[PDB]
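Trainee: pasting the structure only:
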Ligand SMILES: [Zn+2]
Ligand SMILES: [Zn+2]
């Protein structure tokens, strides 16, 4: 429909990633633990 | 800190200093017997009191019918499945509801918190 | 099935499935509207939260939904809570600012910083704004853009409390007049 | 007689011990008097409960409490203590079988009375101090049936819960469907009725 | 001999019994002070006669 | 005088049928209580595993007690709301409450849905027994 | 005082027919126990605490 | 919260985790090894201990988190003790970078020296207002 998409306008460099990815890792581990149940 | 009794009258050995030699001597009083001290700490006291209830828990509480049993936490020294869990529920507490487990099998008495 | 289950305590279990399903954009904003109606109800906050980590995923994958997530968060940022302790409401708004910061990391910097400057100058306590700018200065690195400093710098003088702050000042003063 | 029996079993009298033994052994009190110590409390308590249930040397009204965590066995024989009878549960089963009910149905011209239930070791008197060490079933038909396990170590079972009430509170029909001040007030008024 | 802890005894040889019982009283007080045992409740009906 | 004489024609009463709710209402109330009890269990097991963290200005016991209190109050209000919605316009209990003549909404909810939490000195029932409210519970039981 | 709280809290006994309190170890001495070790053995049953 | 900490009565007990009295006959050394590290730093410029100080060491451990919640520092506690007790006591603190927040105290080298330290502990843990 709208063709390709422009990537977001970068405004800085992420020297580190936010802890939301750490939260992702921990909740994913929990979702493995419950799958083991 | 340790406690020392006299070897002649069995009374409290109090700390004392000899400025002549600069060393701690635990001396008895009303008997004038002396011992060479070794600890170098005459007195200590804790305020935050990071005391361990597992030291004070007794294995015989595995025999209490009123306490609750669980199978989800097997013992570590014998692998026995059934354990009895409870809270400290004393003074120096009421900041944690943590559970202490006792191995229900006799002749083990393995206790542990998680 | 998961949003209609509502018995759900299994949400911790369905998270990986939910993330893989969220990769579909339509599924993502379906989850977004569900989370809006869920969290927006009164007396939702009796848990040590998970529904906002969903929004973290939502803004991670689809930039088109960036205006949506922000519009939800600001509403939750401005809703008043009575059964929640004052310090608890403070920590709640800190968590909402964490969600805003994660959204900011995805290149949606200008509208969120504009809203921050608004509610500063127009209300909310200076501690939340200070915590926000601390989190922003934590992960950003040079170089920057003129507009980004046009919005981020004029909010960085009303407070003198805390080094990334002086480092940012040294950068932007020379490079970004 | 309790003191004589305890002397017969391996209870160490207070005079005949060094203090070093007191650390690991359970103290034995009789009517509040520390008599001695014992180095095997569980077998002692099993024996004493066996004797009391058999109406042996220990009479029924004597109460025996084992404070496990504090390593104490307190035996009370004095008057003034208040108790109530409870059915004895063993291995998640009542000791009251149908044969007791059959003998009690024909209570007349058989002389099988309540005292024979007590002598059978099926029902025993328990006081509040011993209730502290009792895991009690509200009713056999549900509490000790198999389930997702809540408790599998019941020691006694209530005869009927309605026996918690007194004389004037036991004339109330459906008192568990009222606000409790109304039950209190009826307890007051029933003494003042005409009859 | 007579007034202090008579239930332990009033003979001239229960001085050891009385000594052990008074030591147990002090031990109970210390366990209360160290908080290893809960304070007894005046209204707990097992303490009544 | 005028309205007492009209009431001989209208009449006013109260019976068992004014305390009965619809079967759907009972099922909804039971579902609410099931959910509330399960959330109380979740709070308990998070506290037992040390996964509960105290709120600022409160010890962990006060934090836990406030959590279970607010869960059970939420349950009581939700049950009372559902019970009041089940009431018909002919329900004499509601006819008395609406006029302000007697009772109130909480009495309707207690009669129909849930009596709720009992409190002595403004807290839950204390461990009068050794770490128990009664001898029919296990030790260290903080369930509702 | 500055020295009463320095030595720490101490224990007294209020015996019958005595209009004043008495320190505990005095009472143990009166019962024919002169050594402090014997008195503590009657009070503290484990000297590892 | 900064204003709040300036009103709530904070005493020395609220920040301390444990206290210990040692003999430590040689002030230039310690009976504790971890103490020795920064103690030798503090004894390259001895101040009111240039001569024989009392052979009594009052080492106290200060809780890190209670220290941070009240926004205190080691310096102000040392200053408060010096103000409260004059020059009768020399107080020497570890730097505020080690996990073991430590404050040794001794009696000055111009003045029973032992029980008076226990009295000083009982006085400071209660009466002193940080
Ligand atoms: Zn001596
Ligand atoms: Zn084991």
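Mentor: Received, thanks. Numbers count the residues shown, from 1 in each chain, chains lettered A, B, ... in the order given. Ligands and ions are numbered 1, 2, ... in the order given.
Trainee: Correct me if wrong, but residue F:38 is in a helix.
Mentor: Yes: counting by DSSP: H, G, I helix; E, B strand; the rest coil, residue F:38 is found in a helix.
Trainee: Any idea how many residues pack against it?
Mentor: Residues lying near residue F:38 (other C-beta atoms under 10 Å in any protein chain shown) number 13. Just so you know, the C-beta spots here come from the backbone N, C-alpha and C atoms, and that holds for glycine as well.
Trainee: Could you pull out the strands in chain B for me?
Mentor: B:13-18, B:23-28, B:34-36, B:41-46, B:69-70, B:83-87, B:99-103, B:111-113 (DSSP state E).
Trainee: Say whether chain H is contacted by the fourth one.
Mentor: So that's strand B:41-46. Yes: contact of strand B:41-46 with chain H (C-beta under 8 Å from any C-beta of the partner chain) involves B:41, B:42, B:43, B:44, B:45, B:46.
Trainee: Residue C:113: which of those residues is nearest?
Mentor: Residue C:113 lies nearest to residue B:46 out of these, by C-beta to C-beta, at 49.4 Å.
Trainee: Surely that closest one and residue H:20 touch.
Mentor: No: counting by C-beta atoms under 8 Å, residue H:20 is not a contact partner of residue B:46; they are 9.4 Å apart.
Trainee: Which of the residues of strand B:41-46 next to chain H ranks first by neighbour count?
Mentor: Neighbour count (other C-beta under 10 Å) singles out residue B:42 as the most crowded of the residues of strand B:41-46 next to chain H, with 21 neighbours.
Trainee: ok, now which ones touch the nearest residue to that one once chain neighbours are set aside?
Mentor: Closest residue to residue B:42 apart from its sequence neighbours, by C-beta to C-beta, 6 or more residues apart in numbering or on different chains: residue B:15 at 4.3 Å. Residues in contact with residue B:15 (C-beta atoms under 8 Å, 6 or more residues apart in numbering or on different chains) are B:24, B:25, B:26, B:27, B:37, B:42, H:23, H:114.
Trainee: The closest residue to ligand 2 within chain E and chain D, how far apart?
Mentor: When scored by C-beta to the ion, chain E has residue E:36 as its residue closest to ligand 2, at 24.6 Å. Distance, residue E:36 to chain D, using C-beta to the nearest C-beta, to the nearest Å: 9 Å.
Trainee: For residue B:100, give the beta-bridge partners.
Mentor: residue B:86, residue B:113 (DSSP bridges).
Trainee: and it, what does it touch?
Mentor: Counting by C-beta under 8 Å, 6+ apart, residue B:100 touches B:53, B:54, B:57, B:85, B:86, B:87, B:88, B:111, B:112, B:113.
Trainee: Double-check that residue E:49 belongs to a strand.
Mentor: No: counting by three-state DSSP, one finds residue E:49 to be coil, located in no strand.
Trainee: That one reaches residue D:79, doesn't it?
Mentor: Yes: counting by C-beta under 8 Å, residue E:49 does reach residue D:79; the two are 7.5 Å apart.
Trainee: give me the residue from chain E nearest chain F.
Mentor: Nearest residue of chain E to chain F, counting by C-beta to the nearest C-beta: residue E:44, 7.0 Å away.
Trainee: was I right about that residue contacting residue F:128?
Mentor: Yes: between residue E:44 and residue F:128 a contact is recorded at 7.0 Å, counting by C-beta under 8 Å.
Trainee: among the contacts of residue B:100, which ones are buried?
Mentor: Among the contacts of residue B:100, those classed as buried by 16 or more other C-beta atoms under 10 Å in any protein chain shown are B:53, B:57, B:85, B:86, B:87, B:88, B:111, B:112.
Trainee: for these, which one is nearest residue B:95?
Mentor: residue B:88 (10.1 Å).
Trainee: Could you tell me which residues make contact with that closest one?
Mentor: B:53, B:96, B:98, B:100.
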